[PDB]
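One chain comes next, on its own, written as structure tokens: the form deposited in one PDB entry.
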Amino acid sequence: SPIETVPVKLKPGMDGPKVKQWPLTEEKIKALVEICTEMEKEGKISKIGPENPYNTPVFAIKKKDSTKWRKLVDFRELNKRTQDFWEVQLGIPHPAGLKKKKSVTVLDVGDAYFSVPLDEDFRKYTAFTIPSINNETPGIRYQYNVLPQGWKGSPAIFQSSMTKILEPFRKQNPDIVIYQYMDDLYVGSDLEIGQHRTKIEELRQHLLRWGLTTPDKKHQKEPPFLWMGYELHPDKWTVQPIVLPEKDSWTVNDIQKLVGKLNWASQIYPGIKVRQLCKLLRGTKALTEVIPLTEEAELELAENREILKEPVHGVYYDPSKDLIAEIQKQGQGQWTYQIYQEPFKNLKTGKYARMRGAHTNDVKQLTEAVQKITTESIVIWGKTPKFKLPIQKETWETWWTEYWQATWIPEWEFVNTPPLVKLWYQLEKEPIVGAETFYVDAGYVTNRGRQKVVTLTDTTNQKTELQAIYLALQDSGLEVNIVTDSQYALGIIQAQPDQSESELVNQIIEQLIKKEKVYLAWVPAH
């Protein structure tokens, strides 16, 4: 192609490769020569001369429909010495972010790397030797002139060059959408068939204007396209079908891969559950260990097979519409959401179960959920969704007022889909007149004479500080005044959790919900 070369340099502080070619069987040597001659004859490579100390090893091996070999060049060493490049396309488009096309075609770009020129002052390091089999005979020296396969900079120079070529065509043809992904080219439009097929051939022309090869009609591939675990139709997308086998014996490995698939499937399948399947993993000693399906793991596995029976698909994005996001509580610490623009016509779906912290409550957790979705919305659609939450403005407001952390959540409307998130308890703001006062240290003493001591060795210093509080809660009436010296306990109770992975903490939370009024206070230790 008549295109401008990209300047390349080796990592600083090092020289090019000076690697020993491997002895080559006379027959594979014959082949290297037929490959290399035809190429010098295409200007891809070119014969150099001595004391050019550079060298990378080659060899041959063939595959399908032929008695001719494929040439391979070992660039791991040049690759090591070569500078880095800007991340050859880093991010992966999510199907839900595309607008629907009417017709879509995928052009396969062959040997394109060979159609792009390598920076002239670097071809020098791409040298390699083709040994002739006779004693005091040749041993032909060559260097590359186009982009070599498996070289560090090829994927990025090509893409960049391609982007340059396709430019006027996109300018001249703003209707059509072209997406470059490695060797493939998805070209889609809203044109009527005949019209669409014509543009395609206009494009194939433009690419040949610079030496690029593509396949015409009969050799092209048609939708659906299975790309990156997805299935893509011009007007709808979905995840590649998921197989839920039937078996009696399930190893640990089996269950992991199955939890793997179930999660992938949840980006469109609303309702997938894996809590029970995951529990099976507890305390396993080997990948090959078989685990008996608990009665609940069975139910779950069964309901899962049901959801996957019915095939759902995702709709594509309509820029002329608002993005609505909806979240529901699916179990303790489990949330689900659906993103759609048209009621019940989901662009995307998801679950959230991030335990940020050892202890939390539902309001803090909904808030974190709303953050994830937001970041997700921005990356896929460039805008935030308008949220529908099952929590009253006054519950939300009431907690973030008293919480020490700053936070903020976009525009949401209250949706009455139980279970609704509520604050289970509220610690008092001022002490209670006439409620007994428990002074804790494990033990306590009250202003009414009461007392108790307890001995526990199987503890941590934190656990005892919490034990004592529990005891006070346990023995007190419906209104209590508790005083502790523990900064830790106060921090925990003060944040008002409703769930924890600490047993002790879950028992205390229970006491907390039964009480009428509770005031917790702190004082220095000695």
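Only the largest set of C-alpha atoms that superpose within 1.5 Å between the two forms is called the rigid core. Note that residue numbering begins at 1 and tracks the sequence as displayed.
Unshown form deposited in another entry; subsequent notes refer to it.
Core superposition between this form and the one not shown leaves every listed residue (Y269, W210, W412, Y403) with a C-alpha shift below 2 angstroms except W210. Here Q426 does not count as shifted, since its C-alpha moves by less than 2 Å between this form and the one not shown after the core is aligned. After superposition on the rigid core, the Cα atom of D119 is displaced by 2 Å or more between this form and the one not shown. Remark: with the core as the superposition reference, the CA shift of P390 between this form and the one not shown stays below 2 Å.
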